[PDB]
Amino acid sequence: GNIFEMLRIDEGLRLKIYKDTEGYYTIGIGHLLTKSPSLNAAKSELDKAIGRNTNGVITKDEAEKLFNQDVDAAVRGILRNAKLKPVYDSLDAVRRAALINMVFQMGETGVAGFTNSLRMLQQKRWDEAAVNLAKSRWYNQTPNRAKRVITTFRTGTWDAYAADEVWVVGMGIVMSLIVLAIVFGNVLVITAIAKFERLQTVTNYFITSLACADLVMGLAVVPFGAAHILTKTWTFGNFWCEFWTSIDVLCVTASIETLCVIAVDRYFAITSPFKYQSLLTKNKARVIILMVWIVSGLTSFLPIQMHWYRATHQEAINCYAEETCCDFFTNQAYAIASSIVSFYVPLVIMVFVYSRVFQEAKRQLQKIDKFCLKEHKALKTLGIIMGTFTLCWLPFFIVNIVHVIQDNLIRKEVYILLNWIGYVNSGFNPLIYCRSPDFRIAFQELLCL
């Protein structure tokens, strides 16, 4: 049925109790629990509606079960109403769903109040009732939804609900591009450094580690993350979910920490350049990246596979047990423990050592007025690094801290978006740390093959 699909993209789906536009406790696919501000009253109504102790959380099956009931209860409410029934009978299948939509939203006795537009609706004068419905509180309260229902009423088509498919297939396109950019980018980088011995420097050994983490992310994390979002489900095991999210945290931790290692690498190459090649050896270099991945392993696979990350609230417990749920619920402890160890500590180090580099550049910039190309290009690169890095990961790791401190603040969608903003940073890294003339030559050679 189309009325079922229509309401699914009008009410969405939330397995936990939330507040709708009017501030009423709602759950599932737009099922009003109570018009009272009492959470306990809402939780009691949910328990009665489902038939078990819910803790404010239901399942997807229980959501569609309540959904089908609410739709049926709306149709019955129309047929029993003596002012709505002649209109419903008059309307076609598509326009019927539009009427069911309003009743689903405002109730049978609430829709019946629209005397003027109900008349114009039965008279089949669509364009009249179209602008007549716009002059109501229902339109002012929910502008985006009312326009979709009114459009369906005056056209008799589903063109108003055709946007959802466009944004999905469009998002599927841009996700494919991201995956392609990350893989093509980092493969080209790792290949170039490996094949050509001239590029194998101490600094560029760190970039290989970075490009490796970024590569695995573009191969393992991002593609399966795109499928999880587009299909709106997880078509793999609970094992594969716990394995996939491990690679997520592992690669992110490795990627960000390696960015920090590069930063400290340049710190010694700028502040104490005469000791640089003595402090940082090829041997010490691989020792550092060993520690990076060793650490990253202890923040990803160890806490996750041992179920130390797991939260304790009901929605998490249901998610962990559901073979089609792969939402990343974490306890407050692991969240802030993994956040500081995979971002904030690298951040404060990165800001410190780059502040010092900023000083050393400005200091030399004061000595001579012209021909300061080295310091100018340093400052410019310095901006691009801290710019794209913080702009990509800081918002995510801010809301990552917030959502485990005060819930009902950070939405699911915005956690995903800001996390994917961090994902594309893996695609940006080959555009930042591989700009050298020797990289450009190595790239024009591999692509000319």
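One-based numbering along the sequence shown.
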Between the two ranges 140-148 and 267-275, the one averaging a larger CA B factor in the entry
140-148
Can you let me know which of the two, 354-362 or 151-159, has the higher average C-alpha B-factor in the entry?
151-159
Whose C-alpha has the highest temperature factor in the PDB entry: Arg80, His376, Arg310, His313?
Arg80
Highest-ranked of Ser342, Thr245, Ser209, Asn116 once sorted by CA temperature factor in the record
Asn116
Lowest, middle or highest third: where is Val399 by Cα B-factor in its chain?
lowest
Chain-relative C-alpha B factor for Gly297 (record values, thirds): the middle
Could you place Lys412 in the lowest, middle or highest third of its chain by Cα temperature factor, using the values in the record?
middle
Split the chain's modelled residues into thirds by Cα B-factor; is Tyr334 in the lowest, middle or highest one?
lowest
Where the record places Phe328 (Cα B-factor, split into thirds across the chain)
lowest
